[PDB]
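Structure file entry.pdb with PDB, C-alpha atoms:
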ATOM      1  CA  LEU H   1     -10.877  -2.791  14.194  1.00  0.00           C
ATOM      2  CA  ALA H   2      -7.768  -1.088  12.865  1.00  0.00           C
ATOM      3  CA  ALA H   3      -9.577   1.138  10.396  1.00  0.00           C
ATOM      4  CA  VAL H   4      -6.817   2.967   8.564  1.00  0.00           C
ATOM      5  CA  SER H   5      -5.398   3.375   5.079  1.00  0.00           C
ATOM      6  CA  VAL H   6      -2.710   5.189   3.127  1.00  0.00           C
ATOM      7  CA  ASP H   7      -3.225   7.624   0.275  1.00  0.00           C
ATOM      8  CA  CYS H   8      -3.472   5.755  -3.007  1.00  0.00           C
ATOM      9  CA  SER H   9      -6.026   7.830  -4.878  1.00  0.00           C
ATOM     10  CA  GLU H  10      -3.434   9.274  -7.228  1.00  0.00           C
ATOM     11  CA  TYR H  11      -1.875   6.196  -8.784  1.00  0.00           C
ATOM     12  CA  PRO H  12      -0.259   4.923 -10.622  1.00  0.00           C
ATOM     13  CA  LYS H  13       2.427   7.424  -9.696  1.00  0.00           C
ATOM     14  CA  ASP H  14       5.617   7.972 -11.658  1.00  0.00           C
ATOM     15  CA  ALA H  15       7.798   7.844  -8.568  1.00  0.00           C
ATOM     16  CA  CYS H  16       8.345   6.166  -5.220  1.00  0.00           C
ATOM     17  CA  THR H  17       9.627   6.845  -1.724  1.00  0.00           C
ATOM     18  CA  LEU H  18      13.089   6.238  -0.322  1.00  0.00           C
ATOM     19  CA  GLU H  19      11.622   5.699   3.125  1.00  0.00           C
ATOM     20  CA  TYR H  20      10.692   2.235   4.335  1.00  0.00           C
ATOM     21  CA  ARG H  21       7.133   1.518   5.405  1.00  0.00           C
ATOM     22  CA  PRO H  22       5.916  -2.091   5.545  1.00  0.00           C
ATOM     23  CA  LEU H  23       2.192  -2.533   5.033  1.00  0.00           C
ATOM     24  CA  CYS H  24      -0.215  -5.454   5.032  1.00  0.00           C
ATOM     25  CA  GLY H  25      -3.084  -5.550   2.563  1.00  0.00           C
ATOM     26  CA  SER H  26      -6.424  -7.217   3.186  1.00  0.00           C
ATOM     27  CA  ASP H  27      -5.209 -10.029   0.963  1.00  0.00           C
ATOM     28  CA  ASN H  28      -2.286 -10.494   3.324  1.00  0.00           C
ATOM     29  CA  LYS H  29      -0.200  -8.688   0.735  1.00  0.00           C
ATOM     30  CA  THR H  30       2.869  -7.383   2.526  1.00  0.00           C
ATOM     31  CA  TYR H  31       4.461  -4.344   0.928  1.00  0.00           C
ATOM     32  CA  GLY H  32       7.633  -2.371   1.541  1.00  0.00           C
ATOM     33  CA  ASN H  33       6.176   1.063   0.910  1.00  0.00           C
ATOM     34  CA  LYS H  34       2.801   2.637   0.230  1.00  0.00           C
ATOM     35  CA  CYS H  35       4.218   3.138  -3.243  1.00  0.00           C
ATOM     36  CA  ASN H  36       4.228  -0.569  -4.008  1.00  0.00           C
ATOM     37  CA  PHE H  37       0.951  -1.017  -2.168  1.00  0.00           C
ATOM     38  CA  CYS H  38      -0.662   1.850  -4.041  1.00  0.00           C
ATOM     39  CA  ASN H  39       0.440   0.284  -7.307  1.00  0.00           C
ATOM     40  CA  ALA H  40      -1.211  -2.869  -6.017  1.00  0.00           C
ATOM     41  CA  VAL H  41      -4.400  -0.979  -5.256  1.00  0.00           C
ATOM     42  CA  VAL H  42      -4.660   0.673  -8.652  1.00  0.00           C
ATOM     43  CA  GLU H  43      -3.615  -2.645 -10.143  1.00  0.00           C
ATOM     44  CA  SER H  44      -6.434  -4.282  -8.220  1.00  0.00           C
ATOM     45  CA  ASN H  45      -8.919  -1.898  -9.793  1.00  0.00           C
ATOM     46  CA  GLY H  46      -8.452  -0.031  -6.533  1.00  0.00           C
ATOM     47  CA  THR H  47     -10.260  -2.785  -4.670  1.00  0.00           C
ATOM     48  CA  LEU H  48      -7.304  -3.765  -2.517  1.00  0.00           C
ATOM     49  CA  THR H  49      -7.570  -2.367   0.990  1.00  0.00           C
ATOM     50  CA  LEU H  50      -4.964  -1.833   3.682  1.00  0.00           C
ATOM     51  CA  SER H  51      -5.475  -4.293   6.513  1.00  0.00           C
ATOM     52  CA  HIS H  52      -2.900  -2.685   8.773  1.00  0.00           C
ATOM     53  CA  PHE H  53       0.561  -1.164   8.950  1.00  0.00           C
ATOM     54  CA  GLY H  54       3.957  -2.743   9.503  1.00  0.00           C
ATOM     55  CA  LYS H  55       4.864  -6.221   8.321  1.00  0.00           C
ATOM     56  CA  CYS H  56       1.914  -8.583   8.538  1.00  0.00           C
TER      57      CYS H  56
END
This structure in structure tokens:
Amino acid sequence: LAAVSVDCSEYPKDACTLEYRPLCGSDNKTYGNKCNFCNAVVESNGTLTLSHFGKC
């Protein structure tokens, strides 16, 4: 059932990516890059999980 996830076990990071990669968290949280998402994960005590890739 779409069991994937991006690396976010090194945040918060003092940088970001220029590339564009839309993600969709389990909370229906759509992000632009794994950078923003990662920040969301760490921000969410690292409880936030990636539901899938690309815009929700």
Quick one: axis-aligned box around all listed atoms of range 26-36 of chain H, 8 Å on every side, centre and edge lengths in Å to one decimal, written as JSON.
{"center_x": 0.6, "center_y": -3.7, "center_z": -0.3, "size_x": 30.1, "size_y": 29.6, "size_z": 23.3}
Output of the PyMOL selection byres ((chain H and resi 19-33) around 9), listed as a ChimeraX atom specification: /H:16-18,34-38,40,48-56
Rounded to one decimal in Å, what is the spacing between CA of residue 41 in chain H and CA of residue 15 in chain H? 15.4 Å
Report, in Å with one decimal, the straight-line distance from CA of residue 43 in chain H to CA of residue 11 in chain H. 9.1 Å
File output for range 30-55 of chain H (C-alpha atoms) as an mmCIF file, in the first residue's frame:
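Output below, filename decode.cif:
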data_model
loop_
_atom_site.group_PDB
_atom_site.id
_atom_site.type_symbol
_atom_site.label_atom_id
_atom_site.label_comp_id
_atom_site.auth_asym_id
_atom_site.auth_seq_id
_atom_site.Cartn_x
_atom_site.Cartn_y
_atom_site.Cartn_z
ATOM 1 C CA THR H 30 1.574 18.528 0.653
ATOM 2 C CA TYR H 31 5.176 19.664 0.417
ATOM 3 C CA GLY H 32 7.351 21.056 -2.351
ATOM 4 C CA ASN H 33 10.525 19.218 -1.420
ATOM 5 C CA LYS H 34 11.658 16.570 1.035
ATOM 6 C CA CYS H 35 13.439 19.474 2.682
ATOM 7 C CA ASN H 36 10.208 21.119 3.770
ATOM 8 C CA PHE H 37 8.681 17.742 4.541
ATOM 9 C CA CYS H 38 11.684 16.688 6.589
ATOM 10 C CA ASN H 39 11.414 19.903 8.568
ATOM 11 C CA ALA H 40 7.791 18.937 9.090
ATOM 12 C CA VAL H 41 8.803 15.495 10.294
ATOM 13 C CA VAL H 42 11.364 16.725 12.795
ATOM 14 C CA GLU H 43 8.891 19.439 13.715
ATOM 15 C CA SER H 44 6.301 16.742 14.295
ATOM 16 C CA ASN H 45 8.616 15.016 16.742
ATOM 17 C CA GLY H 46 9.426 12.884 13.721
ATOM 18 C CA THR H 47 5.973 11.341 13.854
ATOM 19 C CA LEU H 48 4.869 12.634 10.472
ATOM 20 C CA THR H 49 5.044 9.961 7.798
ATOM 21 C CA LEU H 50 5.132 10.192 4.021
ATOM 22 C CA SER H 51 1.865 8.969 2.553
ATOM 23 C CA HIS H 52 3.088 9.080 -1.027
ATOM 24 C CA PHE H 53 5.022 11.086 -3.588
ATOM 25 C CA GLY H 54 3.926 13.824 -5.961
ATOM 26 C CA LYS H 55 1.185 16.309 -5.164
#
